[PDB]
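Read left to right, the sequence shown gives residues 7 to 43, 50 to 141 (the authors' numbering). Worksheet: the structure to be examined is printed underneath.
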Amino acid sequence: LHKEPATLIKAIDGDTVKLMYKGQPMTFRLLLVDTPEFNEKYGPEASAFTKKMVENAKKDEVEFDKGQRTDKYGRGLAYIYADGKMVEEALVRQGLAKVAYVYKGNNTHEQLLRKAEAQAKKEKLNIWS
Ligand SMILES: Cc1cn([C@H]2C[C@H](OP(=O)(O)O)[C@@H](COP(=O)(O)O)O2)c(=O)[nH]c1=O
Ligand SMILES: [Ca+2]
Numbered sequence: 007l008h009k010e011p012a013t014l015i016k017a018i019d020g021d022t023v024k025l026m027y028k029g030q031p032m033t034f035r036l037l038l039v040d041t042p043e050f051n052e053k054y055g056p057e058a059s060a061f062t063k064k065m066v067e068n069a070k071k072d073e074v075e076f077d078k079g080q081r082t083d084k085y086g087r088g089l090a091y092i093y094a095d096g097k098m099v100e101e102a103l104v105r106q107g108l109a110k111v112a113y114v115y116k117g118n119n120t121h122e123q124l125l126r127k128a129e130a131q132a133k134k135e136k137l138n139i140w141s
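What follows is the structure, given as structure tokens:
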């Protein structure tokens, strides 16, 4: 896999971000995680966490996996990095997202995220409290 440039257009919620990619605006849904919706417990805190990450970073990047690059809703499907930190791993490590939506062609970083989730679960963080 490889990282590609993108620029923040705007943070949306815990696991969706609008980015400019190859000069075109698109909504990206983070691969391999599920954050609560904003109206659910820990949703605002997830949305806040992701917003800070992607806004504060000097450099946001996208990384497609090996399978589908867009979902049925036209959202891009990628891992997102903020100054080289994977947004998925940060959220999961903090108990603000669960590993989820692990589909067969697009699961390169599953075990990294599962490891992070196990540590969050151990610490009883947020969603696991
Ligand atoms: C993360 C991800 C979600 N999706 C689809 C499955 C779910 O469809 P349904 O809407 O049909 O439940 C939906 C969940 O996204 P949200 O968690 O953003 O709602 O997005 C994929 O198709 N591929 C993926 O990699
Ligand atoms: Ca969600």
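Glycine included, C-beta positions come from ideal geometry on N, C-alpha and C.
Shown here for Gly107: same chain residues with a beta carbon closer than 6 Å to its own, the five before and five after excluded, namely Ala132, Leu137, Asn138, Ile139, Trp140 in chain order. Note that the stretch 12-22 does not touch the stretch 76-83; fewer than 3 beta-carbon pairs, one per stretch, sit closer than 8 Å. Listed as beta-bridge partners of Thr33 by DSSP are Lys24. In this structure, ligand 2 has no non-hydrogen atom nearer than 7 Å to the beta-carbon of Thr62.
Apart from sequence neighbours up to five positions away, the residues of its chain that approach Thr22 with a beta-carbon distance below 8 Å are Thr33, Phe34, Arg35, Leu36, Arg87, ordered along the chain. The closest CA to that of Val104, considering only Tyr115, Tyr91, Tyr27, is found on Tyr91.
For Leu89, the uninterrupted beta strand (DSSP E) run begins and ends at 88-94, by DSSP. Annotated as distal: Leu89 and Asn51, with beta-carbon spacing of 8 Å or more. DSSP, read as helix, strand or coil, puts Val104 in helix. In the structure shown, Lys97 falls within a strand segment according to DSSP collapsed to helix, strand and coil.
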